[PDB]
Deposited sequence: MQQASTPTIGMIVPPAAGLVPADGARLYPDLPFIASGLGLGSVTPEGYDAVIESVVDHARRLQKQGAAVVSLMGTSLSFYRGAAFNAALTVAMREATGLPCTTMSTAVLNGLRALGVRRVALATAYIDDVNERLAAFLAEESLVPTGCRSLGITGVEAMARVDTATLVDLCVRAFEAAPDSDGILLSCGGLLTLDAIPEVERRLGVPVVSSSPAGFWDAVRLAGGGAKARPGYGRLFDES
């Protein structure tokens, strides 16, 4: 089944992680190219576009876009996508909750590429959904790996790490961080793929090597 992704950039490319994680799967993207009315309408518009292109399911593949306004908005936007489209729909924030929960992570450390105000909305989203945010640190693989280690060492009681940057190239850092700390890392972009592949069904597995998430069915 084709998996449709609504992507933040105007260019509307399938995010680069897809070619590494799921080379055998058909993905298509529609680029969205601030302001809840404008977000709701473009998102519904672009979901219909992917439906028209033959998507079997649709993921809103931006974490900030989907958690900035809280957990209730994420939930309601998903339903509006589904009602416009007739397809199972999801978001990168839901993908993150699903991955954290699959991995038994309740107390979560934050490693992100966001400003303060956005990191605050992230931790608020997670606590709304009854996870426990602990440490937060925010900004290549070397810098990403160090980011998460500094996130974890700032809060050693964490069950795992949320690496939140759906725009960044993160797949090399995840295994290296899990290898070094022994704790799982859920990252936005890979998690959004993992979640969208699950949603679509069929049961395909990711290429080996990209972290503990991908051993979760």
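According to the record, C-alpha coordinates are lacking for deposited residues 1-6, 40-45, 152-162.
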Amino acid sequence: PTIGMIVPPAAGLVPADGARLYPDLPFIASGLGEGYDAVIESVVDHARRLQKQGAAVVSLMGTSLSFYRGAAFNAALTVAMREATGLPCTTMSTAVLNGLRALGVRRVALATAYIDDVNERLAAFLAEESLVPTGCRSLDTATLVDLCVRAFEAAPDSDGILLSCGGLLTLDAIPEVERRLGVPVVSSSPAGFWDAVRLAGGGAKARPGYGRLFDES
From here on, numbers count along this sequence of modelled residues.
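So that the term is clear: the rigid core is the largest set of C-alpha atoms that superpose within 1.5 Å between two forms.
In terms of root mean square C-alpha deviation after superposing on the rigid core in 4 other deposited structures of this protein, the stretch standing farther out between 107-115 and 124-132 is 107-115. Taking the root mean square of CA deviations in 4 other deposited structures of this protein after fitting on the rigid core, 38-46 and 154-162 differ, and the farther of the two is 38-46. Note on 101-109 vs 80-88: mean CA B-factor is higher in 101-109. Remark: stretch with higher mean C-alpha B factor among 40-48 and 24-32 is 24-32. Which of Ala56, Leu65, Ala155, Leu163 has the largest Cα B-factor in the deposited entry comes down to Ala155. Of all the options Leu122, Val96, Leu144, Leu131, the entry's greatest CA B-factor is assigned to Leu144.
For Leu139, the recorded CA B-factor ranks within the highest third of the chain. Only modelled residues enter the ranking. Split the chain's modelled residues into thirds by C-alpha temperature factor. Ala151 is in the middle one. Among all modelled residues in this chain, the alpha-carbon of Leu60 has a temperature factor (C-alpha) in the lowest third. Looking at the C-alpha B-factors along this chain, the one for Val177 belongs to the middle third.
The PDB entry assigns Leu171 a C-alpha temperature factor belonging to the highest third of its chain's modelled residues.
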